[PDB]
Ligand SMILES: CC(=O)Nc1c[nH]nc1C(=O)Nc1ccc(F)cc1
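Quick heads-up: it's one chain on its own, the form solved without the ligand, in structure tokens.
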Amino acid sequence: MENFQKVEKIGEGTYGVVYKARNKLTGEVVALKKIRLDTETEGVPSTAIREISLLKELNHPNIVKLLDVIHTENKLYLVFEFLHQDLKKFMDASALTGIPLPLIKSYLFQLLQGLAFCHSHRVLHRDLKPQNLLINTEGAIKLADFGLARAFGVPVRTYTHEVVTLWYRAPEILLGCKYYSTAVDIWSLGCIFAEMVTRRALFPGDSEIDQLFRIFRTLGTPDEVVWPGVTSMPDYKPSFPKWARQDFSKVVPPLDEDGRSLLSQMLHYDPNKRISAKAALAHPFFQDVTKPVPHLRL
């Protein structure tokens, strides 16, 4: 760690803290995650065990490169490439003007390429939300924060305490499915796509049941025709209000037919019928994709 110069704090982050830093020998600007040990007791945290072992297999331009791991007796450091900011801060900063559609398209295209690669390398991200999506001045976007990621060479079980924040959570999970699948990642990407487009979170629930009902009011209450099995799921109640599917022109006004189509397939209720990252990239909506550059404030 003697070669690294603290530049500034850039987040408290999946325990403990995250610093911008400069390599004093090469000039490489880098992000450092400090894990204490302490730990508290109990050794290398499971979360860092997965983050390191999975992310080091994931070398791709839309995935935040893990550069190094420095393992003391008393301290553990993950060193990452550095990116100037997150999508959340950028959507926030873009509230007045909005994010132009061609950059929305670039970003979503790029997120699907990173995510296809995760999925083809048997990794589920599971925590896709805008603060875990990092961007630079040249107009790239990368997936970051693999604290909750999991290998799925064998099925991954669902767990009440290790789950994406509510707003980007797939209906499978809210309804108590036993296994995660790749589709939960697409769902999250779908929500984010719509949020970039409308400037407003698509399903901003106060609670699990509120999250569900917000999903239901927009896409309609799913039944056994739409989603075979749904009635038998653990946290399906037959008391659920039966809402009807809102007109998609009205939920994402700015989008054309290709955009509405893609989003519909990303928000498909049944996990087996939800579009895959690989198939998403072949959607006509990406016909004319380019790579704009954002205007970042920092």
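From 1 onward, residues are counted along the sequence shown. Between two forms, the rigid core is the largest collection of C-alphas that superpose within 1.5 Å.
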* Asked: Of the other entries that cover residues on both sides, do at least a third skip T39?
  -> yes
* Asked: If you average the Cα B factors in the entry, which is higher, 66-74 or 32-40?
  -> 32-40
* To do: State which stretch shows the higher mean Cα B factor in the entry: 185-193 or 95-103.
  => 95-103
* Name the residue from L108, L202, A151, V164 with the greatest C-alpha temperature factor listed in the entry. => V164
* Asked: For the listed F117, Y180, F82, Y159, which has the peak Cα B-factor recorded in the PDB entry?
  -> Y159
* If you rank every modelled residue in this chain by C-alpha B factor, which third holds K9: lowest, middle or highest? -> highest
* To do: Divide the modelled residues of the chain into thirds by Cα B-factor and specify which third, lowest, middle or highest, holds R260.
  => middle
* Structure fact -> Of the three thirds of the chain ranked by Cα temperature factor, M266 occupies the lowest
* Select lowest, middle or highest to describe the third in which the CA B-factor of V225 falls within its chain in this entry. => highest
* Asked: If you rank every modelled residue in this chain by C-alpha B factor, which third holds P61: lowest, middle or highest?
  -> lowest
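Below: the form solved in complex with the ligand, not depicted.
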* Please classify the binding site as open or blocked after superposing the ligand from its position in the bound PDB entry; blocked means at least 3 ligand atoms come within 2.4 Å of backbone or C-beta atoms of this form. => blocked
* Can you say which of 193-201, 142-150, 206-214, 98-106 gets within 4.5 Å of the ligand in the bound PDB entry, counting heavy atoms only? -> 142-150
* To do: Name the residue from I173, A93, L166, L83 that puts a heavy atom within 4.5 Å of the ligand in the bound PDB entry.
  => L83
* Asked: How about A31: is it within 4.5 Å of the ligand in the bound PDB entry, going by heavy atoms?
  -> yes
* Should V18 be classed as touching the ligand in the bound PDB entry when contacts are defined as heavy atoms within 4.5 Å? -> yes
* Asked: Wondering, does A279 line up within 4.5 Å of the ligand in the bound PDB entry on heavy atoms?
  -> no
* 4.5 Å heavy atom contact, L262 and the ligand in the bound PDB entry -> no
* Can all three of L189, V252 and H283 be found with a heavy atom no more than 4.5 Å from the ligand in the bound PDB entry? -> no
* Output the sequence-ordered list of residues from 114-134 with at least one heavy atom within 4.5 Å of the ligand in the bound PDB entry. => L134
* Using a rigid core alignment, state whether the CA of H268 is displaced by 2 Å or more between the shown form and the other one. => no
* To do: Note yes or no: does the Cα of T72 move by 2 Å or more between the shown form and the other one after the core is superposed?
  => yes
* Asked: By the 2 angstroms cut-off, has the C-alpha of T26 moved between the shown form and the other one once the rigid core is superposed?
  -> yes
* Given a change of 3 Å or more, say if the Cα atoms of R126 and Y15 sit closer or farther in the bound PDB entry than in this form. => closer
* Structure fact -> Cα of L212 vs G13, shift of 3 Å or more in the bound PDB entry, relative to this form: the pair sits closer
